[PDB]
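**Q** Sharing an experimental structure here, sequence included.
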Amino acid sequence: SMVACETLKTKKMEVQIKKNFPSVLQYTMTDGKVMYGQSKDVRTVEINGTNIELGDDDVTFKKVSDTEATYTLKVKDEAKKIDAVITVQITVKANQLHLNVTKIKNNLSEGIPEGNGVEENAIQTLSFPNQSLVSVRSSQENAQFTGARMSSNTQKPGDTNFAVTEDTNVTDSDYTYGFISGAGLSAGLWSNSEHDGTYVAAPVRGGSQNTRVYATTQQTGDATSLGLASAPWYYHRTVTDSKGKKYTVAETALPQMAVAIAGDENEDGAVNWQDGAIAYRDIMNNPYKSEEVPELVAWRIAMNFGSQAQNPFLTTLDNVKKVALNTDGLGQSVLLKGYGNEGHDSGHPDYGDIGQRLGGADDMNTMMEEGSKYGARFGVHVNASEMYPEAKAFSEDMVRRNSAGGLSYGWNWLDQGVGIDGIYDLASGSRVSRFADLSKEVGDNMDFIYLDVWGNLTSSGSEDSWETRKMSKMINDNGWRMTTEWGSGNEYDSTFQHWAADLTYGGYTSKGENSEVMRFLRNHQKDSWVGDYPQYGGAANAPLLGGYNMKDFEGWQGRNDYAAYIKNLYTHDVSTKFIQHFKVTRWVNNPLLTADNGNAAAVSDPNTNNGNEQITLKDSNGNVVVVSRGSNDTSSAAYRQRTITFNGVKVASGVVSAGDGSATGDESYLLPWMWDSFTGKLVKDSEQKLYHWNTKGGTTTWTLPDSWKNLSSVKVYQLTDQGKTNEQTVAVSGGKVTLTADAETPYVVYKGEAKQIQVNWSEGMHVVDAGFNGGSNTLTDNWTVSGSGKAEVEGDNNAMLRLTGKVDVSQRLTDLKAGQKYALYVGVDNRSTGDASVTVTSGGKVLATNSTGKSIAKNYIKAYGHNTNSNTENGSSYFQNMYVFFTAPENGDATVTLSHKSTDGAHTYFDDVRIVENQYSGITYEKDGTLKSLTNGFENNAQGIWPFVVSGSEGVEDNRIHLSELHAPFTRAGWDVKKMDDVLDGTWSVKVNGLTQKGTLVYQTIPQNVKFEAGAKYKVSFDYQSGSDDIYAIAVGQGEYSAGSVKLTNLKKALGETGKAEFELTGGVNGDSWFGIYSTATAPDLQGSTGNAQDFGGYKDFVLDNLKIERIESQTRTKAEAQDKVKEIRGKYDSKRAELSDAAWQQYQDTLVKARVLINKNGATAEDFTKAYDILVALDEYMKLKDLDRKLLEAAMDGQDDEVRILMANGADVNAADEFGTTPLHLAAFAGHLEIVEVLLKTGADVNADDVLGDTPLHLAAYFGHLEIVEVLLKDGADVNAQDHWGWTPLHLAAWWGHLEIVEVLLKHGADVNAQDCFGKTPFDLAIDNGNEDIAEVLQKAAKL
Amino acid sequence: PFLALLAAX
Ligand SMILES: [Cl-]
Ligand SMILES: [Cl-]
Ligand SMILES: [Cl-]
Ligand SMILES: [Cl-]
Ligand SMILES: [Mn+2]
Ligand SMILES: [Mn+2]
Ligand SMILES: [Mn+2]
Ligand SMILES: [Mn+2]
């Protein structure tokens, strides 16, 4: 009663606690060992940064039971506006002691006012300065401290290990983790503190800097005592948004902290942080759903972008089944980047808007539900830092503004991104409500959230651990596992970092967590470490625990190589995941830790593995894994040699193939995969299996696990994208097996005969095997083939249907809704002159059909599986979607047929048969089945910009063309600095963002989408908005786009007000006519806008809506008029044979011969005579413009100034070019015709035009040395550092051709003197070979500056 | 006259 101390007891320890303060005097373990707490009378409580010392009257004590005591602390300071009552609980269980703040009463406040209003006098922070919950002294045997801080740098360890001596002096030294050891005991301190502090290396904030342990020294008699305390806790924090508005936000959780006292837990004869770390796992926070991390063998990204629907959800489910077959059912983790709105970086931050063109929430739920049966987990990429005007969440309150009141702009790509006010988004409850919208859609089906960019300071200048903890909480509260971008981010709750798992990003300073303490504690809970990537060195040079190496094959950054994806899983990820099924118990001889980097007391042992690195791991059943390094010397070939043992038996050995792709290794393994792909429980003894891999290929012998020792044989299967193949029965003798393996080929070993994993391809897709993933057998079991030709499944990467000759491939459609409207589209690449078709039939009769002749447009969709960088045939891909539209029959009898009509040997490729509900009804046909009219408001587009297809203005790219969406007023002209409407009519339009000055096609129709019959006339019209005059043009062409072979009509500015365009088109003789939008060489008028306003304004954009194409009546012609038109054309051009290109004459003869076929056919009609006449009229206007172009080239070359002015007035194109790209400007600059150069530039000639060799007019101005022409070109915007085919800048051609004063002019305008030719030649080296002495010394003076 | 035949001289 009078005694100022009490005792709490467990079966493991007795703790003496003080009655006048929640402090421990000491912990006494059952064996008599003692650990100190706070030996001194320290009664400090910090509130809001003010230290208050408590007296006897400020504390009441109550011993609740033998395991618990409660304290009531009166914490008061009138001068600092603090009057609080803190209730503190101390509880003990086993070797653990918990200290919890269970109640905080503020006497100076009524609470947080509604809506998170400011709470005056709020208790914002709380801590117990120098509480010393556990402590060690310099007088104790082997007294030491081990601490960890965040490091994303492979060369800078995050740990410190030092002896605690009389000279140790620290005051609130902060760490993520801190452990003290001394006198045979070790302990770590755990806290839920959101404090941010000291770190070793990190490129971002976002929870990277969370330090929760404070170490402080004090004198205890003649010894120095080092004590551990919790870092401060946030309670009711007051924050400010980007507009100056203040809020008080309640605590994420109440303050909590704990210690766990360890003896020699790993039984190795030494007591250090590792023993404390083993006990620490019993008290530490564990990231939500971290127990499934060892199961996630196959991580990858499935991408959608720019309205294209490259990866609809039901296709993602088929790719999950393909990976399940190839890995024998290992767990997967599929990150859906672009699951929402129009795709990736569209619709942020509308978390609940699931991409309707992908199949919406219904297909997403089917993919998640069915995928989970194959151990596949799914998650979505979200952004809480940047938003687009189209998102319904976009509002003035959501907008982050700068100190001047302007928008905090983000990135412009498809649309202009704007920063989100992170503090407003949290304190208003907006973000959590948007996550609730997504929760209503996915229920409990979704595994995780991937939070992009958090920590890069785009939402505010803070994004601290407190904000990150609340962000992770609102996500975990919906049943979602937390994952994020940056390697160092969110130490508290993240189970995956993209910049840790994908080792190629960021470089050596910005990878996963480089800490032995953190990885010892949590390797099994996260994919947030440093894997093998030897060019980074240090931590990335063959980590013994491996580390996740992530590759993709579904479009992310153009990644499409399935074989490389699977090879990578077996090379690094199977052993990494195997190791994660065990927890580290011992880690000695770490070569990254030295006396020089603050780790003199690092855990060492010369009697373990020759004094080289070794890690021991164990599971809860007592299974033991030992991972050993061959040598600790990085110069030794043995540094990268690793052996893995499972229960004393070797299961892996050798050097892994370098994680950076630089060198193949020799590693082989026979890993026992004992777990299921769901919760990771042990599978039944009979279905236990082994995975075999042999990097170089060959024969290796292995000792089987103990439970296999009495078998006489095993079954071995080679794993492919079809599952288990090539079964072999391999004898077992003396419990050993010998395996012959091909290089880099996976095998699975079973005790007896194994069954094939059952796969029903394309569930929910209305056809079986819509992606041709079922091998050759799919053409027997699923699709029916008929005809004399050939149908085969081709392609070692993304398999396709390949047709040759006359062949039909059919399949009945299932699960259609009778009477409902459907679109059916299929990817088609036709290399044949004969038609490739898609037909839907019902009871023998045709409901819908469509065809394409030879494909004319290459595929430039980077996230798509058959873009032109994927080699469908001959190093290209012309894959484009071909649509049919039908109403599902009442009889429920519908069949799709894919066919090749011609009997030639050329190929047709098909892939991804997609049957989708769709209400589009804008096509009308003539009685013959030809086009009568096509209208499109883009309101019912199944995907893409149909009837247009993205062209090559940006090469294979995540193309800056998509379907724009209405969200007034933010998407309309007049909001902020925006001058163009995103949408012209309804909710959707086709938008082109900033594709100015490309001098090439942006998008075009193709015949499979809109067929223009040979000789027929069509009126085409559309509504548009264009940012400036003549930046975009209407293009009309025939066949595959060829520069010079198209008709261009510049469009005038329509900025903020919708313009109307209309023109006529006559179909070309080959049925391959098209129209599109073209980016000219004309510079946009930015109207004095600067910075982000140049992109957000719309000056460089083009929006198109309400397309209308209609067949029109043409004046009727007789056979005689058509024949006379032939004679007129022949009289005008038959003589110009020599005056024409060999290709120009053949194109002329082709049109002529084909027009005559129409005229002279037996039974021809007035329609044929009219078509032949219209074809000849179009041919006439084309040949007449070609002649004016070559006459303008001749007049610019020969210096006929008057001829140039009159030729352009008649119709010569100022940007005309010969077969080799030589323009009139190239010709006048080379010839020295200054006035012609100026007139051409005034008319709109492209100053930076390239010829086939990359030579610009400025390059050609250096052959003779025209000084005045170089000045004019430079003044008009010529690139002074333009490099041609041989790497020569204009400076290299002037010095090589010996023209001194041109060089002087080039050097003045900013021609970088450091620039190197295709050889090792600077402009100085070019003058040495041509005697240009005065040039050499002049640029030598400029280079020294 | 583009670079090809110009270089050749
Ligand atoms: Cl070496
Ligand atoms: Cl090797
Ligand atoms: Cl072709
Ligand atoms: Cl459509
Ligand atoms: Mn030990
Ligand atoms: Mn396929
Ligand atoms: Mn529209
Ligand atoms: Mn958009």
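**A** Structure's in. What do you need? Numbers count the residues shown, from 1 in each chain, chains lettered A, B, ... in the order given. Ligands and ions are numbered 1, 2, ... in the order given.

**Q** What's the separation between the residue nearest to residue A:270 when sequence neighbours are not counted and residue A:893?
**A** Nearest residue to residue A:270, sequence neighbours excluded (Cβ to Cβ, 6 or more residues apart in numbering or on different chains): residue A:264, at 7.1 Å. Every C-beta, even on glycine, is put in place using the N, C-alpha and C of the backbone. Plainly put, residue A:264 is 76 Å away from residue A:893 if you go by Cβ to Cβ, to the nearest Å.

**Q** And residue A:1098, by the same measure?
**A** Note on residue A:1098: its distance to residue A:893, by Cβ to Cβ, is 51 Å.

**Q** who's more crowded, these two?
**A** Neighbour count, other Cβ atoms under 10 Å in any protein chain shown: between residue A:1098 and residue A:893, residue A:1098 has more, with 28 against 14.

**Q** The more buried one is in contact with residue A:1028, isn't it?
**A** No. The criterion here is Cβ atoms under 8 Å, and residue A:1098 misses it with residue A:1028 at 9.4 Å.

**Q** Give the residues shared as contacts by these two.
**A** Any residue near both residue A:1098 and residue A:1028 by Cβ atoms under 8 Å, 6 or more residues apart in numbering or on different chains counts here, and that gives residue A:1055.

**Q** so residue A:761 is in which element?
**A** Residue A:761 is part of no helix or strand, with elements assigned from DSSP states H and E.

**Q** give me the number of residues near it?
**A** 20.

**Q** before we move on, what about residue A:819?
**A** By the criterion of other Cβ under 10 Å, residue A:819 has 9 neighbours.

**Q** again, but for the one 4 residues further on
**A** As a burial measure, the neighbour count of residue A:823 was computed by other Cβ under 10 Å and equals 22.

**Q** Excluding chain neighbours, what is closest to the closest residue to ligand 8 within chain A?
**A** Across chain A, the shortest distance to ligand 8 (Cβ to the ion) belongs to residue A:415, at 4.4 Å. Take residue A:415 and drop its neighbours on the chain: the residue closest to it by Cβ to Cβ, 6+ apart is residue A:388, 4.6 Å away.

**Q** check contacts around the one you found.
**A** Residue A:388 is in contact with A:346-348, A:394, A:414-418, counting by Cβ under 8 Å, 6+ apart.

**Q** And residue A:113, by the same measure?
**A** By Cβ under 8 Å, 6+ apart, the contact set of residue A:113 is A:119, A:248.

**Q** What distance do you get for it to residue A:246?
**A** Distance from residue A:113 to residue A:246, by Cβ to Cβ: 11 Å.

**Q** residues in contact with the residue in chain B that ligand 8 sits nearest to?
**A** Residue of chain B nearest ligand 8, by Cβ to the ion: residue B:2 (42.2 Å). With contacts taken as Cβ under 8 Å, 6+ apart, residue B:2 has the following neighbours: A:1220-1222, A:1226, A:1251-1253, A:1255, A:1260.

**Q** For ligand 2, what's its nearest residue on chain A.
**A** residue A:666 (4.5 Å).

**Q** Next up, the contacts around the nearest residue to that residue once chain neighbours are set aside.
**A** In space, and not counting its chain neighbours, residue A:666 is closest to residue A:654: 4.4 Å by Cβ to Cβ, 6+ apart. Neighbour list for residue A:654: A:641-642, A:665-668, A:695 [criterion: Cβ under 8 Å, 6+ apart].
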